[PDB]
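J.: these chains are from a complex, not moved at all, and more is on the way:
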Amino acid sequence: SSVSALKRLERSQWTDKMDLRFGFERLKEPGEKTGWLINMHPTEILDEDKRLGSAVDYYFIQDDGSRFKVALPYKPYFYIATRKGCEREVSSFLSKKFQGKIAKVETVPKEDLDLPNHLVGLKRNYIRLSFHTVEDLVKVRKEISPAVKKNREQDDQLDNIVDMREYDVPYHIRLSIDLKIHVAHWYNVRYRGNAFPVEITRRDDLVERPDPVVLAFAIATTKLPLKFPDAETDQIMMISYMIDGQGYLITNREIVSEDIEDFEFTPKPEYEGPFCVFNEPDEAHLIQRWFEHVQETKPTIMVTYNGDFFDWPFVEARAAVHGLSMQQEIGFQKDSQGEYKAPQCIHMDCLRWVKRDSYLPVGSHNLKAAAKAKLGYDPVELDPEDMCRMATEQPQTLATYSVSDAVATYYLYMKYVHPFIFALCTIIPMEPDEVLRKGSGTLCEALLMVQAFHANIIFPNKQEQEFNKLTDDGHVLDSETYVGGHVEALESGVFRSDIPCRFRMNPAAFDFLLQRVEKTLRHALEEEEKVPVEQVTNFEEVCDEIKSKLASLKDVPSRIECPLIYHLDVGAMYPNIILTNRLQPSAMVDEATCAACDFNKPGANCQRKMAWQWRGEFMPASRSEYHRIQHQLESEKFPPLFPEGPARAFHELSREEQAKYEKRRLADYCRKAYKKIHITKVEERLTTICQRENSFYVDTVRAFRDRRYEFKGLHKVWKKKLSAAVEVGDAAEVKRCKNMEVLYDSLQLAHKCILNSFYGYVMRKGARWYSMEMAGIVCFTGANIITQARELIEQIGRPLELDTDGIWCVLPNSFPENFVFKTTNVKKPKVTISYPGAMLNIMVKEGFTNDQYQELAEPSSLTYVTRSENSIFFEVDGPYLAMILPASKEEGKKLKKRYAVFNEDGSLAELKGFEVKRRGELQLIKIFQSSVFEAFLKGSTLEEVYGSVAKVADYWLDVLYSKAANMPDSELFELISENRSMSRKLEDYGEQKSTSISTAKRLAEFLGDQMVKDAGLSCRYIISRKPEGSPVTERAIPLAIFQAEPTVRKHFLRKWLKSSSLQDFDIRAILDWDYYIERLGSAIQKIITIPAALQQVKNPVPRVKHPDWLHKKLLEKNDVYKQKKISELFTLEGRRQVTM
């Protein structure tokens, strides 16, 4: 032990030296100071007994640039539960058993929502245990856990212990949850000497934020031609970085052929980008100079793009090669998870934000794409192989590139990441490293632990996964799931506001609407707008124009009209469904618990019962057959963990090994004894939701919804003020206003992200508050709503696309559209309403509205008020100019989730699911699709529309049939190649066949395991003709060989084309033109020709044939010999049914 205790003292001292070097001078002296909390860490401090005690160090910054630390000691603790009357005996044994190991133990009443009959007010005494250090907790829990484990399976004083809670919450998070200490707030702190703990208290009065010094850096290295760099071989050429808007550049004259002059780079006037330059003779001087300039400026946040992957490991290794221990000079060290962290500063990585909250496609996670998308400028590019020649031939261009990556990194970090992350830090207990790195379900869990603590709830233990659970009918389940969101593409082809389109309608549906027009408007004003109906003068007029237009429609239900294209969808559907129904992860109950609740009384209104669809998949073997296969393993024996170790019997295996062996045996047995290894089963279930249970979850969701809309409004107000201040030109007021604008915009984004998180968390594996039912009930209620909106629209008009929460439809030109009300109150003098909205909304309000909401009005008397609510409201987007949907190549199928939509200005409004966005799909498809979508806008009739659209699809077939004859040779390699990813290691896939695996092996043969070794390899290939009749996967050839040396190409192609006599080694010979033309034929059919046959126009593309089934149907339509039915030629005698 003592060696470890001294090692802990050593590291505590070293870290205190390291952060002292960066000016985080520890507070040790009487006085009072104030500052902004930027970071925290857990550490032990030496006390007056010269003992280590566990503590937390808080790091503050001040407006003058000064900084300090405070060390706050707090005892870690957790709870144990015991049987009736055990507490004094168990506590006395806990103390004597571990005397001197535990600091304090005490009896604490807490409320657990899982207790029976708890709504009356019943709560139970847990025992708290607390320790001088977490190491004694980690020891003692391992002395308790076997006893509670055995009693949990079955059900000395350890046997009297029944359960243990909260033992795995992180200690620092346990402190920020408890002391309400939170990051990005101004604090006043009072130091009283070690005679008292240091006291921290927030000031709400100040809202301005300081500017903590942020350093962003990027590097460029030499590498071997056509291959990856590695730190043993290569050297850094340049490092470029910015501190707080000032740029700096270092260049190594071992490699860079000339000294670099200082220069200025500005993509757009907002990005200042002045760069100062230091020339160094040696790599060791480049490193030393950078370490010196970092030790001078002493930054508090350090940023780079994806730094844990390359930029830190390379500069670390090249520093250590010269003996510069960067862990000593800078302080940055690789943590256990392989991520660089430091005591004195925070490592923020932009890509861990882009990958999590930017909503960019994976197509554009490359820095130059994410910069081009969010910053609105195109950065500068180099071929990654040329950098080593450019560093000799034209150094200025390499410097310009490496500076441009620094500028883009710094501004991308400042504008998008920094407001967001510190705003989210204001509401979560976690450090800015953990908040950025962790997954959103964890953020939501910490937030719920904050709220559960404030409610004085005791947390549940994390859910533990069961293996191979049994269906009641006896089959072992492979999987369980709930049925998700409904989808159907109802229509296909082209819709436009400018072409005649044919409608047929049900006049009884018009009569039904016209009968209720008054109710639809009276509701749509009072509930949705919240304007009393008395306050408006023209209400009786507008109803007559609505009724008369509906009557004029009713008189002629079938007509040709121009369409109105509308999108009709629900705002924040799933949160609103939760708030409306009062769903909570703990509120699901069964008859067995409602049997105990004293509120279970005749006519008790609180049991709400809702339907969801369970789904399972299971293996067809029976209960006894599986049990026999389990017995058959009683004689099996298995390898050790290491080649010389003892062989293990089946009962000596881990339960994860056991389950995998059993699944292998049963999967082989079922494949022998039956053709089919699995069966799907679907089952309607009804679940009872308690309506009185503690609301802390639902009230949390409510609070985040409301505060989101409050900050959205304040952002609108301040953005107006900002526009006015800019037009007037008051630069100090402009700065004040812009600061408030960015503060509210980041706060509202952070609340939107947190609100989105609450649904999926309840399904996360091992979440504390976990239940599958609440996610099913939400998905099914969101499938009902959208289905009934489809049904109601399908009589009036033609719904086109339907997904989880919104419908795309066309409506007749004569429809009501929007109306205006004039208000007597000047506070809201005019109001507008949209009829399709109120029409759908009243349908929602009639069926879905809850009438069982209950709220505890008097905590002393257990009296609950009973209330109704609906929070679900539709809203309208559009009307749009044009809409286009593709059609399936197979007969009668319809392609879901694919469409394009345009604004009235002809700017592309939406374009969804198409290969133009996807990462990897063939570039020829991207360009073809993009150009045809634009081409559809042209023309005025379906004949002219397709006459336009045809030529853009003809152009690419003309090029391919011409073998791109005139196209430059460098163009084909970008036009013709995929860039597909490979997510796993090449060994981990197993024995599978695929084109990416094939071409990775085809690289391994050519440059060795050095190139495959890392995960995430990118594979660029073309598919080749010469191995005639060889299956597709075997004809995939890397692009790299067309860059490799001639004598290597003329060898490896001769090997891979299985053609030793081959004289011609040119892509234009090698290309399988009839594969790529079949790919384009597969695309062009789905958009331009098959939809055409579905819209009564002849084939617009002569070169492409229809599918055979469609040619049969179109040939059968048109001949003159019509098929009669037998029932029309022979007399029908009657109808009969046969039954026993």
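T.: Nice, I can see it. Residues are numbered from 1 along each chain as shown, chains lettered A, B, ... in the order given.
J.: can you pull out the helices in the stretch 551-700 of chain A?
T.: A:573-581, A:591-594, A:623-632, A:655-673, A:696-728 (DSSP state H, counting those that start in this stretch).
J.: just so I know, which of these lies nearest residue A:1009?
T.: helix A:655-673 (28.5 Å; CB to CB). Heads up, the C-betas are built off the backbone N, CA and C, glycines and all.
J.: what's the closest one packed up against?
T.: With contacts taken as 3 or more CB pairs under 8 Å, 6 or more residues apart in numbering; DSSP states H and E, helix A:655-673 sits against helix A:623-632.
J.: starting at the chain centroid, how far to the helix it packs on?
T.: 42 Å (CA atoms, centre = their mean, to the nearest Å).
J.: who's in contact with that helix?
T.: Outside helix A:623-632, the residues that touch it by CB atoms under 8 Å, 6 or more residues apart in numbering are A:470, A:474-476, A:621, A:662, A:665-666, A:669.
J.: buried ones in that helix?
T.: Buried residues in helix A:623-632, counted by 16 or more other CB atoms under 10 Å: A:625-626, A:629-630.
J.: Produce a PyMOL select command limited to the buried residues of the contacts of helix A:623-632.
T.: In PyMOL, this line selects whichever of these come out buried by 16+ other CB under 10 Å:
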select buried, chain A and resi 475+476+621+662+665+666+669
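J.: need the contacts of helix A:623-632 in a markdown table with distance to residue A:515, can you?
T.: As requested, those are exported to a markdown table (distance: CB to CB, whole Å):
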| residue | distance to residue A:515 |
| --- | --- |
| A:470 | 55 |
| A:474 | 55 |
| A:475 | 53 |
| A:476 | 57 |
| A:621 | 60 |
| A:662 | 64 |
| A:665 | 67 |
| A:666 | 62 |
| A:669 | 65 |
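J.: also put chain B on there:
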Amino acid sequence: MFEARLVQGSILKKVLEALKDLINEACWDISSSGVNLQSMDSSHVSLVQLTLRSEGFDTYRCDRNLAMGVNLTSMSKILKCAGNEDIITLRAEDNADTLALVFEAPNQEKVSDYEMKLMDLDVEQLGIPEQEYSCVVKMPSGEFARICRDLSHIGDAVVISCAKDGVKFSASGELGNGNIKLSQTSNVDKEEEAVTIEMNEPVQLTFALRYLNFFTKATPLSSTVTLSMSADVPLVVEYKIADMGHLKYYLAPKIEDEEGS
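T.: One more chain to add, chain B, which I have set with the ones above:
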């Protein structure tokens, strides 16, 4: 009870193997006069009629008339168990939940028995015009089978024309044209090979071969088939089953729309 025994199970096997493709479920009407089945395909273009007479069975009992529904593919499955030489017995009763079958070899070396599950059906009933037909032709069934297969390779629709000199089948498609022709047998080598045409007046009609393909599966029942045709009404093909009965398919023609105009 209903009880029947058949001199050779190959007949009922060949019947079920001919019904299996065209009508998936059907009901049988049973009486002391015999067994009747009539049903209509899932597209109402063609109609099947089957009649087995009381006398053809080796022994027959029918205490009361019965009607029962049968999923024909499952019966064809069970009847795949019986050997070609086997003797087969059917038994049923008015509780009508199940049909019992017994199959045995002529030497009683082995016994096989089964209980087919019956099913519930609803179906519409049609009448028949019972006219005389302006042309009738009697044909070797193997020749009509080959005519259908070969011309079906040329195209999806057949034209049938009957004229004093000889019957003609014609078809055409994207490949070109095909014509197949038969004539009056002047000297009969054997009657089973003879073709005979008798007519009131010549006839021309057109039909979908996708259905005839399903009728010609009757060819292994009997060596000769009857074709009957008349203007603007269904074509008849008819196969006779020994002295026991007959199986008939009616096919509604394709008619020229221009008169409809």
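J.: same question on what packs on helix A:655-673, but with chain B included?
T.: helix A:623-632 (3 or more CB pairs under 8 Å, 6 or more residues apart in numbering or on different chains; DSSP states H and E).
J.: quick one: what helix or strand has whichever residue of the stretch 151-300 of chain A sits closest to chain B in it?
T.: Closest approach of the stretch 151-300 of chain A to chain B (CB to the nearest CB) occurs at residue A:153, with a separation of 48.2 Å. Counting by DSSP states H and E, the element that carries residue A:153 is helix A:134-154.
J.: which residues are in contact with that helix?
T.: If you take CB atoms under 8 Å, 6 or more residues apart in numbering or on different chains as the criterion, helix A:134-154 is touched by A:54, A:76, A:78, A:80, A:98, A:101-102, A:129, A:131, A:156, A:158-159, A:161-164, A:167, A:171.
J.: mind checking how far that helix is from the chain centre?
T.: In terms of CA atoms, centre = their mean, the centre of helix A:134-154 is found 36 Å from the chain centre.
J.: number of nearby residues for residue B:98?
T.: Number of residues near residue B:98 (other CB atoms under 10 Å in any protein chain shown) recorded here: 15.
J.: in the sheet, who's paired with it?
T.: Going by DSSP bridges, residue B:98 is paired in beta bridges with residue B:117.
J.: coming back round to it: filter the contacts of helix A:134-154 down to just the ones in strands.
T.: Within those, residues falling in strands by DSSP state E are A:54, A:78, A:80, A:129, A:161-164.
J.: Looking at these, which is nearest residue A:413?
T.: Nearest to residue A:413, judged by CB to CB, of the ones in strands among the contacts of helix A:134-154 is residue A:54 at 33.8 Å.
J.: what residues are up against the spatially closest residue to that closest one that is not a sequence neighbour?
T.: Sequence neighbours aside, residue A:133 is the residue nearest to residue A:54 in space, at 4.7 Å (criterion: CB to CB, 6 or more residues apart in numbering or on different chains). Each residue near residue A:133 by CB under 8 Å, 6+ apart is listed here: A:44, A:52-54, A:76.
J.: attach chain C to the model above:
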Amino acid sequence: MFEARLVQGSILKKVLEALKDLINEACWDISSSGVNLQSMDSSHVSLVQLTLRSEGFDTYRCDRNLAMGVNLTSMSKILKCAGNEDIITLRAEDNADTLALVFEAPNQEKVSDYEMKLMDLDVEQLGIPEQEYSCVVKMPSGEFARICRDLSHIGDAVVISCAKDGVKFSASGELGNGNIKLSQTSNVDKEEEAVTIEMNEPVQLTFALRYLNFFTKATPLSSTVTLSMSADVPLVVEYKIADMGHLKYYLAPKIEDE
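T.: Same chains as before, plus chain C:
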């Protein structure tokens, strides 16, 4: 060195395809007594024994024991190339990792010669014990093959029952039940054509029919088949190969869920 010659060369072809699909790979044991083989179903529910005799070969040299691993697909793809009338020679060595097969045409105008790789297997074995089978049946092979095929259309499990005077096969499923009865006869024409059942006490047992549909692949080895049964004991199917050997399949009876 091991070397052997077989004039009835088609036997090895017929005997191999009866295993090719039931067991993926096997360890053969070679000794002066003859080639012997225990191997187990990949699902380990069922077991194979093959046993030839060295007296039956046209020539047989075995001066030492060998154990050799082979995956039977690899032999099968070679024996496909032998004509049924041709004479087979096998050659192996104690240090070698390959096997040589020579096919000799009776006309002596054609010869063929193949070498295949062994595989490196070892297998842990319990010697299969004798049982005093309470029930034994001898039947013509095609009858049993037809029973197992025709019942396979009804359903995936067969209840086989036996009596002092016959046997019954029965199956129950979604199409309805079906049975086949085979009574014992005293009158018999010939052994290739006749049944002989003997039973000490009544037994009936349930067996997976999709397994028997594998065992029936041995049918062309013999004009008759032997089956034996007892309660709580595996069923054994046995084929005799001239007097050159025998092949047996062992299968456990189904545990009833009731």
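J.: so, what packs on helix A:655-673 revisited with chain C in the model?
T.: helix A:623-632, helix C:209-215.
J.: Mind doing that once more with 10 Å?
T.: For helix A:655-673, the packing partners by 3 or more CB pairs under 10 Å, 6 or more residues apart in numbering or on different chains; DSSP states H and E come out as strand A:477-482, helix A:623-632, strand A:637-638, strand C:203-208, helix C:209-215.
J.: Dump it to CSV, keeping only the CA atoms.
T.: Extracted C-alpha coordinates of helix A:655-673, given in CSV (Å, rounded to 0.1, in the frame of the first residue of the first chain):
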residue,chain,number,x,y,z
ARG,A,655,-21.9,-16.3,-18.8
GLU,A,656,-21.1,-14.4,-22.0
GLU,A,657,-19.1,-17.5,-23.3
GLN,A,658,-21.9,-19.8,-22.1
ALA,A,659,-24.6,-17.9,-24.0
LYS,A,660,-22.5,-17.8,-27.2
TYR,A,661,-21.8,-21.6,-27.2
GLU,A,662,-25.4,-22.3,-26.5
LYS,A,663,-26.5,-20.0,-29.4
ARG,A,664,-24.0,-21.7,-31.8
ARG,A,665,-25.2,-25.2,-30.9
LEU,A,666,-28.9,-24.3,-31.2
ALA,A,667,-28.3,-22.3,-34.4
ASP,A,668,-26.7,-25.4,-36.0
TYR,A,669,-29.3,-27.8,-34.7
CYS,A,670,-32.2,-25.7,-36.0
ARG,A,671,-30.4,-25.5,-39.4
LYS,A,672,-30.2,-29.3,-39.5
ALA,A,673,-33.7,-30.1,-38.3
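J.: Which positions in chain A make contact with chain B?
T.: Neighbours of chain B within chain A, by CB under 10 Å from any CB of the partner chain: A:1111-1112, A:1115-1116, A:1119-1140.
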